Amino acid sequence: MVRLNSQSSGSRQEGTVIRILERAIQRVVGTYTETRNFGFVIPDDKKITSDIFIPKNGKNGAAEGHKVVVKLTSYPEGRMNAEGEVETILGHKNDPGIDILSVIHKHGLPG
RNA sequence: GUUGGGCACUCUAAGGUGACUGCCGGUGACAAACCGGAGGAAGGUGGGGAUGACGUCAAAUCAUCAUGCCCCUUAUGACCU
């Protein structure tokens, strides 16, 4: 649900998200990255602007540069990013056919 | 510590070493960089003080001092209370 702002700064009508009724995204594919004490995953859907925090026990074997599926445990809240767990490792992002395989996982196509 | 007690530690202060993106992940010209690893007291210009250029104000000082020419020169010298 979106509240309608009285003033628009442009041609189109502006609005603010007041409430979330239904959550669409529950899985996110991306590229895993390893920091010192925690992971992240950079989402292939760039419409997800924020990097998904992976806690160290959610890594499940994912190395640097591996395309990974990630299940959302939490959503973003304030300035905190979304956290998750690596559900699947696809492989490395430079391996032939992982590009397409990443698509197959992004939509949730049958294996 | 008061005393014997080597003197360990601490302190004192001479002489050294120590940080360099050096090394390791990513990233990116395969480089630089950047992001984050470690190690270390210290992390990415260690932190402070010291040491700049050519400037102009005929800026200020003859009550720092000195000073060419003036003036005072039994006083514009000097001494006391």
# chains A, B, ... in the order shown; residues from 1 in each chain; ligands from 1
$ residues_around --residues "residue 72 in chain A" --least-positions-apart "6" --cutoff "10 Å" --atoms "only C-alpha atoms (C1' of nucleotides)" --output "ChimeraX atom specification"
/A:25-28,52-54,82-87
$ write_last_selection --atoms "N, CA and C atoms" --output "short mmCIF file (atom, residue, chain, number, x, y, z; two decimals), in the first residue's frame"
data_model
loop_
_atom_site.label_atom_id
_atom_site.label_comp_id
_atom_site.auth_asym_id
_atom_site.auth_seq_id
_atom_site.Cartn_x
_atom_site.Cartn_y
_atom_site.Cartn_z
N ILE A 25 9.72 -11.75 -3.20
CA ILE A 25 11.03 -12.38 -3.28
C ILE A 25 11.26 -13.15 -1.97
N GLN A 26 11.50 -14.46 -2.12
CA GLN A 26 11.95 -15.33 -1.04
C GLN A 26 13.28 -16.00 -1.36
N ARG A 27 13.61 -16.15 -2.65
CA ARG A 27 14.94 -16.57 -3.09
C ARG A 27 15.57 -15.46 -3.93
N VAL A 28 16.91 -15.38 -3.83
CA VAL A 28 17.74 -14.45 -4.60
C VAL A 28 18.99 -15.19 -5.05
N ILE A 52 23.14 -8.86 0.01
CA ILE A 52 22.52 -9.75 0.98
C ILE A 52 23.59 -10.28 1.93
N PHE A 53 23.46 -9.94 3.22
CA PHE A 53 24.35 -10.40 4.28
C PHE A 53 24.18 -11.91 4.45
N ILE A 54 25.30 -12.64 4.42
CA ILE A 54 25.34 -14.07 4.70
C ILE A 54 26.05 -14.23 6.04
N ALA A 82 19.20 -7.08 4.12
CA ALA A 82 18.62 -8.41 4.18
C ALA A 82 19.70 -9.44 4.50
N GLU A 83 19.40 -10.40 5.39
CA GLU A 83 20.28 -11.51 5.71
C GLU A 83 19.72 -12.76 5.04
N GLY A 84 20.55 -13.82 4.93
CA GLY A 84 20.11 -15.05 4.26
C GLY A 84 20.85 -16.33 4.67
N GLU A 85 20.67 -17.37 3.84
CA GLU A 85 21.52 -18.56 3.82
C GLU A 85 21.66 -19.10 2.39
N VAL A 86 22.90 -19.49 2.03
CA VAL A 86 23.18 -20.13 0.75
C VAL A 86 22.42 -21.45 0.78
N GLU A 87 21.44 -21.55 -0.13
CA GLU A 87 20.66 -22.75 -0.30
C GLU A 87 21.42 -23.70 -1.23
#
$ interface_residues --of "chain B" --to "chain A" --cutoff "9 Å" --atoms "only C-alpha atoms (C1' of nucleotides)" --output "count of residues only"
4
$ select_by_dssp --residues "range 69-100 of chain A" --states "strand (DSSP E or B)" --output "ChimeraX atom specification"
/A:69-72,77,80,83-92
$ atom_distance --atom1 "CA of residue 105 in chain A" --atom2 "CA of residue 29 in chain A"
6.7 Å
$ select_by_dssp --residues "chain A" --states "helix (DSSP H, G or I)" --output "list in words"
residues 56, 57, 58, 98, 99, 100, 101, 102, 103, 104, 105, 106 and 107 of chain A
$ atom_distance --atom1 "CA of residue 50 in chain A" --atom2 "CA of residue 78 in chain A"
12.1 Å
$ residues_around --residues "residue 66 in chain A" --least-positions-apart "6" --cutoff "9 Å" --atoms "only C-alpha atoms (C1' of nucleotides)" --output "MDAnalysis selection string"
chainID A and resid 30:33 89:94
$ residues_around --residues "range 11-21 of chain B" --least-positions-apart "6" --cutoff "9 Å" --atoms "only C-alpha atoms (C1' of nucleotides)" --output "number ranges by chain"
B: 42-44, 46
$ atom_distance --atom1 "CA of residue 18 in chain A" --atom2 "CA of residue 6 in chain A"
15.0 Å
